[PDB]
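Residue numbers (our numbering), protein chains in the order written: chain V, 825 to 919; chain U, 755 to 1889; chain S, 5 to 297; chain B, 160 to 300; chain Y, 191 to 418; chain P, 34 to 129.
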Amino acid sequence: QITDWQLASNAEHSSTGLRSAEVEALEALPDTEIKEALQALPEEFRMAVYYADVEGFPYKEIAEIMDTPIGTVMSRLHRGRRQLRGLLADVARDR
Amino acid sequence: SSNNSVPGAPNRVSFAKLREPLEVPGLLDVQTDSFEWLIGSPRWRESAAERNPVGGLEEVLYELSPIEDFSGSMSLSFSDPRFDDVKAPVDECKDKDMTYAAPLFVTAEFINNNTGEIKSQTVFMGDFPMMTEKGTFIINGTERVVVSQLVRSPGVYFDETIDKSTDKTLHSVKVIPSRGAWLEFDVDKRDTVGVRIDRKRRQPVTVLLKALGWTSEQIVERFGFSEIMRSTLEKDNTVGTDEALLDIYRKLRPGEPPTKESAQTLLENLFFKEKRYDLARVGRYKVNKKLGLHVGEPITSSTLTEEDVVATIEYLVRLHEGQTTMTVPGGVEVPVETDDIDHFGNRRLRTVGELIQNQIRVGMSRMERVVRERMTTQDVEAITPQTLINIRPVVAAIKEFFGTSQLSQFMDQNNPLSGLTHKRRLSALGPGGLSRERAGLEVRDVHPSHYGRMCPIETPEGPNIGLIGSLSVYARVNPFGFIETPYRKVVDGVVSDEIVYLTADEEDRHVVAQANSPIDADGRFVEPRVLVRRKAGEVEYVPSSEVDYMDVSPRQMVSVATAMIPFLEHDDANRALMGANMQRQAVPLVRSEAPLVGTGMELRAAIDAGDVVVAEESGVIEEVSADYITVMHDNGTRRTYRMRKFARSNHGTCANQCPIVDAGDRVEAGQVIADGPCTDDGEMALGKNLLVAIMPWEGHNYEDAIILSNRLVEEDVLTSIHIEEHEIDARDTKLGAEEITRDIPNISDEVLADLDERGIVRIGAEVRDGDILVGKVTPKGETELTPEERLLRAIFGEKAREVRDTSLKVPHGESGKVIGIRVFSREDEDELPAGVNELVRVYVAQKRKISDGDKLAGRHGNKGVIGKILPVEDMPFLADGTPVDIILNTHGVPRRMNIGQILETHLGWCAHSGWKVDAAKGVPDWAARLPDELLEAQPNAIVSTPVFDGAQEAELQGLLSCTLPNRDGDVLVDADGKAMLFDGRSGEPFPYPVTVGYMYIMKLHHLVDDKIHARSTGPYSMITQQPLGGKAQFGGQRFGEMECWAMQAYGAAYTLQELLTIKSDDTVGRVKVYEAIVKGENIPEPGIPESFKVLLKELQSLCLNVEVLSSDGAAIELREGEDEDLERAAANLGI
Amino acid sequence: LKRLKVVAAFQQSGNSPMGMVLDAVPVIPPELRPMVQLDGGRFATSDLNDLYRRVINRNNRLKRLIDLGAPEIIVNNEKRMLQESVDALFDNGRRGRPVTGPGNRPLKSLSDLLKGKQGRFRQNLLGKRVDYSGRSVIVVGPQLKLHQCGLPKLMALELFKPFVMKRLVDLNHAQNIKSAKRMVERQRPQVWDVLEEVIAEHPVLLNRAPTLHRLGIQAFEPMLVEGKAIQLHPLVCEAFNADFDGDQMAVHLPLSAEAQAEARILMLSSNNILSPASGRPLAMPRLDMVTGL
Amino acid sequence: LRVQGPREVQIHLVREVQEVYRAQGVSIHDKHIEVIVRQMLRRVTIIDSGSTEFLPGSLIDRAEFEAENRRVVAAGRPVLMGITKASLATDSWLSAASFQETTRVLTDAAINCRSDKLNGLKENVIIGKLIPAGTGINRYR
Amino acid sequence: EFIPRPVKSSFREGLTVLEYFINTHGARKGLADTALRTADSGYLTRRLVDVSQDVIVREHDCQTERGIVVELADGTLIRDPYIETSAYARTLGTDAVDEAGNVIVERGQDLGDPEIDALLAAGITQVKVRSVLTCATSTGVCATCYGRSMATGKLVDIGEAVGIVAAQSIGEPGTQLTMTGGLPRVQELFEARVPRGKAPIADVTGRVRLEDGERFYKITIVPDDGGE
Amino acid sequence: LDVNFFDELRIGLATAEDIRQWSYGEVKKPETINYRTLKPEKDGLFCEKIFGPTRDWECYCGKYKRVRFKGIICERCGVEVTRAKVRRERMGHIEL
DNA sequence: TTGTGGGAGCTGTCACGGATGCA
DNA sequence: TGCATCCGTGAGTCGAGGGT
RNA sequence: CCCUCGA
Ligand SMILES: [Mg+2]
Ligand SMILES: [Zn+2]
Ligand SMILES: [Zn+2]
C-alpha cells in the first residue's frame, strides 16, 4: 500500500499538489479583484486581451474571431494590457 | 543508608532493613558485552583471561577460511580482523545523516600450491557500524538500538500432544540447530514412527536408519523392545541400505531422477557435514546433557552425529512409554520427559553482537561464492588477495540488517529511562524467532523461570503484551545466551557472602529462599522454617538445612523502571505495569526536581542511562561554562566534556545537559559533572513534587480527570520544551530543477518579512500556522497556470519560469522559535541523494505550558488528563493560606488497588515537613526495627522506599506524629495524614479532614498540542480519492464500519450518505458543496463515490464484466462531461 | 447435483464457459496502481505493477521462443511460467508459492485488493475517511448541559471554515472570498466574533471508538471553549464508555439541512437517555454524583 | 426442528442463548435475540422438486419457494441455517462479497450471471444511495 | 488452576516477593485474554449485523393472533426472575383477566412497568405476548409484534432498522462473557452447528427400554402408535 | 453527472472480445518510466498513448499543449489531449 | 560465452466445513 | 466408493509517528 | 503494510 505520508511527501515536489476541495471551489468561483478589473475595460479591449493571453490564440486567429485586421487587434491588445496594468494595484499583493 | 558507592551522590536516606551484598551491574552490560565480544576488544580479552578466546568476527573468519578451489590448488584464508579509527564523531554523524562506523581490515593470505607461492595482504572489508558508549548505533543520522531477541535454543525438544480424533497421547520431537536443515520425528495415529525432514512427507524412521548403514537385524536388536519400531518395520515398504538412500533422495527432490551416490552425498551434506549445518556450542551442550552423550566434556565438533540421531529416536520411542529414565551406549541415567518451550533454560536470547554476526556470516558466504568464481576466470599468476575479495555483499548485509530488521529499532528517547529500558528489552518477534500470528497466549504468560531474569511487571498493555519484556536488575546474559541471576550460597544453614550465578536450568535442581529471612548478625538461618520455591512454581515451607541458595536482594525479579515505584508491593500488578510504562513516557521539564520520595534506583539509573555527564578521572574543575566543562586531572592532563545544549531527541523532547560543578571544585572519577534531561544532581528526576489533596472537587476531577493549581503554569513547574525538525529539499523534477527562493508566486512582501535573502526563515523568528519556513517553487507548466495567473503574467510581462508555490510552511497548530537552520548544497560538496540539489532543516522550539487535556500520572498507574486549571485563589488551601497543587479524586484510588499512591503521599508529607522522633526516655517501638539516622529529618528531606524493603506501615504512621511544624509552630497535617482545607471559592472550610501530602507527578508525553486536530478540507489519496490519514498529513477522521452501523441504527440516512459521498468520495460534490457553503445556499445532492468506480475497475481487471443498469436494462455510462462548465468560466473572467 | 449447479448456470442466457480460459488479460488503469518518487531518488510501486511486469516479460519471452522455434520442452516451460504469472496477478499464493517482494513479502494481487478488512469493500466502501471532522482529548466539563459539549476554538474555526468565510465576507471584514480564506488561515481577531455566530445552534456529532452501539455516536450543541480539549458532559460517559484517562473523541460536522435535522432530532444526547438494548436509562448519576446524593 | 417444528426451535434457541448470557449476569431483551433467530429459519430444503425448476437439496427462501409453487400449478421441509451461511446465501451478490469469502462469492456470481437488485441498505451504502431505513424510506423521503 | 498456597497478605500490608510474583501469573493471563475475547465478540457482532441487516419494520401491524406465553410468578407468588427480558416491553397478545372479571391489561398494551406491576398485583401469573418469532409479515417485522423501541420508550416507528440495533445489543456485552461453551456456546447456537456432547431427543411418544452396558448406553423407544 | 438511480448491478464472465472492447491499446513493453526524464515510456505500463496524458491537455512530445486543442489525437505522439483524470478509467490489455 | 557449479527461510495458532483423493 | 485428510475460511475499533 | 505506542 502506498502511504498517505508517501503521497504527501511526493506531492511536496510535484507540479501540482494534492489539491483540496476548497482550492478547487475557489478556482471555480470569481476572482473578484481580477473580474472587476477586466469589467472596467471596454468590450473590444477586454475581448482582445482575453482571446490573446487567456485562451492563447495566435494573433491571426484573434483577428478572424473579431473580424478586424491583425494590426488593430494588436493595438487593442497592447492598450488593454496597459489599461489593466494600471487597473491592477493588487499585482503588488501577488507579484 | 549512604549509597556511597557513587561519589558526590546526594544523601538519600533509606528505609531498607536488609543489606545488599551485591551491587547492580552495569545496566548497559547486556549490549556492551555482546558488541565487545563481536569486535574482540581488549577489554573483552581481559575478561576472558579472568574466566580459548575468539571474537564474533574471528569466529566468522575461521569458519570461512580456508577457501579452497574445486581442485584443492589455491587457498585463501582470512587471518586477522582489525579496526581503524572512527570516520566521524557521533554528533557529526547525527548532523550530516551519516553512519557512525569504523573501517574493518582483515589479513588475507593467498597460497598457490601448484607454484608454491604465497601472497599476504591487508584487505579492507567495509565501514563497520560502531556501538557508542551509550550502547547505541547511529545509522543514516538517526540513533538506534538493537533489541535482544528471544529465540529457542538449538537442541532437541520433545512434546506430548493428544491425538486429534483418537484421543491418543502422541509424541513429537524436533531437532533444531542454530543453522541448517530441520529434523523431526513423529508418531502418528497408527503406531508407525516417522521422520519428517524439511516439511517433507513422513517416511518411516526405518528408512533413515537403513540409509545410515544400519541393517535390519542391527535395527531389530536395538529397537526390538519397543513393539512400535517392530510394528513400523514390519509395515516398512522396502528393506536395504542403498534403496533407502534412493527413497530418501526421491522424497527429497520432486520431479528429479534419483541417483544412489548423489543421494549419499546430499544426505551426508545435510546434517553431518559442517559446511552448511551447525548447531552451535549451545546446541551441542544441550543435546549432550539431554541424551547423556559425551559427558567427558568434549566440545571438539558441533554437528549432528549418527549416534545423536539414534539416541533421539530411542528417547522418543521410550517417551511413548514414559519411563522416567533412559541410558544410551555410554549414556548416563537420563530422565525422559517432554520439554517446556517457554522455560528459560530452553529459551535463549540472541543479543546485538550475535544478531550482527549472523548477518556478517551471510555476507561473507555470499562473498565466498564470488571468491570461488574468480579463482577460475582469472590468470593464476595475476590474481592477488584483492582481486578475489568482493566486499559488496558484506556491506549490503550489514546495511540491510541495521536498516530493515525488526530488531534494529528507533531508540525511544522521551527521557533517559526510556532509552535505558529500550537497550534492556527482550523481544519475542523477529527473523528466526516466533511470528506474531503464532504468538499464542502461553508465550505471553509470566513463566516461573522468568524470576530474577525477565521482570513480570514491565510489559505493554496492547497487542505486544508478553512479547516485549525487560531484563531484571541483577540479571546477566551468559556466553551461551541464557539469563543467569545471582544467589547467595547457603551452606548447611548459614548465609555466606559467596554469590553464584544460576541459569533457570541449574535453578530447578536447587531450592531458593527469599531476601526476607531473619539471620543473626554473624550469619545463620535464625528463621526456623522457610517458605521457598522450586521448579514449576513450587511454594513450600522447609527446614533451613535443605536451603541451597537465597536471593541476593529483593527487586531481583524487577526491572529498572519497576524498581522505581515506591511501595510497589502495595500496588496490584496491573496498575504497577501501568506505572512502569508511564515512567518511560515522562517528558523532561525545563527545571528538573528529584522526588522527595524515591527508591534507591533513581541515581544508578541516571548514571547508567548515559544522558548524565560523568567524570572519567578525578581532578579539579579548571573551567566551567554552559558550553563545556574542563577538569584538570592530578595527572597534569586535561579533560573537557562538551555540553549537549537544547538538542532534539528522537521523540521531540529536549536533551539539555547542564553543569552542576563550579570552578575549583574537586571531583572524583564516577562523579556526575552535569545533569541531563530528567536528572537532578545525578538522580533520575522524571517529575515534580506536588502538594496533593485526595477529594472530589465539584466534578472537575470526575472519572480520573485531574485538577491543577494555576501556580504550576505561572511558576513553569510543569513546563516542557519541545523541538520539531522541519526538513525540505529542492530536487530535480520532470519540468526542471526546483529552487529554494525568496521569490514566491502569489505572495506579498508582507508575508515574507521574516525570511532572509535566500528564502529561509531568519534565526529567532516567532512563527505561527502557515508561516513560510523555507520558500520553494516547483516548475509548473503553462497549461497549469490559472486564467488569473496567465492574465497577470501576460500583462506585467513576467518572463520568469512558471512555478507553483511548494514552500515549507508551519503545520497547523504548531508554533515556536526558530532555534537553528541547517542547509546542505549540491553546489558545495555535500552528500545528497540523487536528483536532490538543496536540503534545509529548520529547527523550531516551543515552550509548552501544562494545559487542559495534558496527561499526568504518578508512579502507581494513577493516570489522568487535566480537567481544569484553577486560579490559585480557587484551590482548597491549608490553614496557613498554602493552596494545594493538585486534586486527585478519591473514587479513583481504592478499586485500582494502588494505595502505594496514598502511602507515598503520607511519606511525601513527612519528608516535606521533616520529623524528629522522641527518643527521649528510649526510642519507641515502631521506630525500633528500622529507623536509625531516620529518627529525624530536615524539611524537604530526600528518602528512599526500596521496593519490598521500604517503609513499613507502623513506621509510616509513626512519622506522621512527629512531623515538624511550619514557620508558626502549626502542625497542619494530623496523625492520620489529613488536614483541614478551606474552600477557596466561598471561604467556608471543608467539613471534613482531607488527606493531603506530597506526591511525585509526571508530565506524560501525551499533550493536547500534539493531539488536537481538525480538518474542513485537504489532501486526498490518488487511488481512492478519499481524504488522507493522520494529523501530520492534515487527514480526515475515518468514519468506519461500526460507525456506519451506528448511523444506520439511528435511521440517519442523509447523514450517512453525506458522510459517504460528499465528505469523502464524490469528487464533483466535494467542490460543489464547499462552493454552496461559501455562497450561502443549500448543500447539493450527492454524486457517485469514486471508490465504487475503483471497485468496478478492479473487478474488470479480474475479467468480471460488471455493468450497472438502468430500469430499462441498458448499461449506464459512468463518465463525466468535458465542457460541463464553459459558461461560468467566461462569467468569472467577466466576458 | 454439485456438478449440475455449474452446468445449469452456464446453461442460462449464453455465458459460454470459454470465458474461463483467457487469451487477453486486462490491465487496470495506471492511477489505480501508482508509482511515487521517494526521498532518496528511489521509487515505490504498487505490487500490481511488478505482477503485470512479470506477465509482460514472460509473454514476450514466449513470443521470442515461438519465433526462434525453440525446443518444445523450453517453450512448454515458458507457457507454464506465463500461466503461473497470470495466476499470481489474479490471486497470488492460491497455487504454490506466492510471488514475493523484498523481505519475502507476498505481493498483494487483484484478489487481495478486494478481500479482508483492508480490501475495497471493508476499507473503502463500507467506511471511509471524511472531511469536516476533527479529533481531540476529552475532559469532563461538569458545567455543561446534557445537550452541550465544549468544542475548542481552534477546532471550531477549522470545522466551520467556509461558513465563517461566507460570514466574514457578509459583514465586510473581508473584501472577497480569497481574503476571507487568508483571514481564517491567519487567525485574525475578527473571526472569533463571527465564529460564535455561525456555531450557534449548529449541532455536531461526537464519536468515541469502539462504537459498540448507536449511542457511541451522539449529537451535541457546541459551546466554544477555551483550550484545546473537547469537554464531554459527565452523564454521557456511560454511553460512550468514556473515562478521562486519555480517551479521545472524534467530531463530525453535519452540513445539509437533512443531516443537521437528523442530528438535532434523531441523535441529540438528551433524546437518547435510554439504552437502546434494555430500554432503561443510562444517563444516570454514576460515581461522584452517587456519593453526593 | 424436524421433530417439534420451527416454532419450537425458535423457542429452544432463544432460551438456550439467553441461558449463556444469564449465567454471566448479562441482560439481553428477548426481542433482539428473536430478531436474530428469525433470520435462521427463513428457507426450506427441496426434497422432491415436483414440477418446479428448483434443484432438489437447494435452500430456497420460503416466500419465493411458495410463490413459484403457486404459479406452477415442491416438497419443502424447513431448514435451520447458521448466521454466516444465511448471510453468504443472500439475493445480493454485492452484500455477500463485501461480507466474507469474497473470491468464492464473486466466482459464483460470475458463473451464474447474478443481477443484484441493489435493494439492501448495505448495498445502498456501498453505491452511495439513501439506505432503505429510517429517513430514507419512501414514506418519509 | 488455583495455586494451593494463598496470598495471606493484603495490599495494605504489602505483598512479599513470591506473593507478588505469583499474583502476576493471573494478572497477565487476564490482560492477555482480553484481546482475544474482544476480537471474538467483535467477529460475532459483525456476523450478526450482516445476518440481520435487512430486517426493518415495514408495517404497523400484521394483525396476527400468534404469540408466546411468559410466566410472571408455595403460599405466595414469586416474581419470575426473567420478567425484564421476556415480558417487559412486549405487546400483550391477549387480555389479562384476573380471578374475577377485571380487565387488568388489554390486548395490545405496552406492558411497561406500571402494567407489569398491576399484573402481578392482580394474581396474573401468565401472559400472552406478541413476538417477532410469531410475526406474520412477509419481509421484516411489524411494529406491533416488535413492541416498543427500547431507545425511545414508545412503540417502534415504521422505519426502524431493528436488525442492527439487535446485533449491537447482543454484541456490546459480549466482552463480559468469560469462562460446552460461554461465548463459544453463543456462537455454536447462532451458527446452527451440531453441538459437542449432543443430547438426543425423542422422535416419537412411547415406552423406553434402557440397555445399561459398561460405558455404553443403548436407548430404544417403542411408539405409542405401534409403528417402527 | 449520474443521478445515482441504478436499477441493478450485474456480473458475468468477460470474453476476450469484451476485454479488447475495453482496452485502449496493448501494453507491449515492461519498462515503466525513464530513469532520467521521469516520463512514461511508450508502450509500457504507464504509456500515455493508450492510458492517457499525465498532465492536463498536454501530449507526450508537446506539439499540442493547450485547452484550445481538445479531443484531437497528436499524430506524432498518438496521445489524446484531454484531462489527466482519464488515467483512472482507461484500461489496457495484453495479448497472450 | 567451456575443467567447478542446488536459497533463505521455516511451526511456537486454532476452530470449523467440505471438497479431494485414496485404498 | 466411504470416509480421512488436506485445504481454505475466519479471527474488534479508532488514534499518534517512525520505516522497507 | 510493518514497528513502537495510546484508549
Ligand atoms: Mg479510558
Ligand atoms: Zn407482527
Ligand atoms: Zn504530440
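Here a beta-carbon is modelled for each residue, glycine too, at the ideal position from N, C-alpha and C.
- Excluding sequence positions up to five before and after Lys928/U, its CB lies within less than 6 Å of the CB of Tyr911, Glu938, all in the same chain and listed in chain order.
- Collapsing the DSSP output to three states places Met253/S in a strand.
- At a cut-off of 7 Å between C-beta atoms, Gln830/V does not count as an interface residue with respect to chain U.
- Judged by DSSP secondary structure, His191/B falls within the alpha helix (DSSP H) whose first and last residues are 189-197.
- Around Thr243/B, the beta-carbon contacts reaching into chain Y at under 9 Å are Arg237, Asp240, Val241, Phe380, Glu381.
- Under the Cβ criterion of 7 Å, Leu34/P is not counted among the residues facing chain B.
- DSSP links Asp881/U through a beta bridge to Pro857/U.
- Excluding the 5 residues flanking it on each side, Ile865/U has same chain C-beta neighbours closer than 6 Å at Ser829, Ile872, in chain order.
- DSSP places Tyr1295/U in the uninterrupted beta strand (DSSP E) bounded by 1294-1297.
- In this structure, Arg273/B has its beta carbon at no less than 6 Å from each heavy atom of ligand 3.
- Under the three-state reduction of DSSP, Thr1394/U is assigned to strand.
- In this structure, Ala277/Y sits away from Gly283/S, with a CB-CB distance that is not shorter than 7 Å.
- For the region 169-183 of chain B, the set of residues with a beta-carbon nearer than 9 Å to any beta-carbon of chain P is empty.
- Per DSSP, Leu865/V has no beta-bridge partner at all.
- Only those residues of the region 318-343 of chain Y whose C-beta falls short of 7 Å from the nearest C-beta of chain B are listed: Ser321, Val322, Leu323, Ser328, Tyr336, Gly337, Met340.
- In this structure, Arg46/S has its beta carbon at no less than 6 Å from each heavy atom of ligand 3.
- Out of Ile258/Y, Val247/Y, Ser339/Y, the CA that lies nearest to the CA of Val173/B is found in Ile258/Y.
- For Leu345/Y, the closest of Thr370/Y, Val247/Y, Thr228/Y, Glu191/Y by C-alpha to C-alpha distance is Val247/Y.
- Under a criterion of Cβ atoms nearer than 9 Å, no residue of chain P is adjacent to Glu836/V; the nearest Cβ is some 15 Å distant.
- Those residues that have a beta carbon less than 7 Å away from any non-hydrogen atom of ligand 1 are, in order along the chain, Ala246/S, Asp247/S, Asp249/S, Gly250/S, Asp251/S.
- Cβ-Cβ distances below 8 Å link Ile354/Y to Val239, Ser242, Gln243 in the same chain, with the five nearest sequence neighbours on each side left out; the list follows chain order.
- Secondary structure at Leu1539/U: coil, using DSSP grouped into helix, strand and coil.
- Note on the region 1158-1194 of chain U: whole beta strand (DSSP E) runs with a minimum of 3 residues are 1162-1164, 1179-1181, in chain order.
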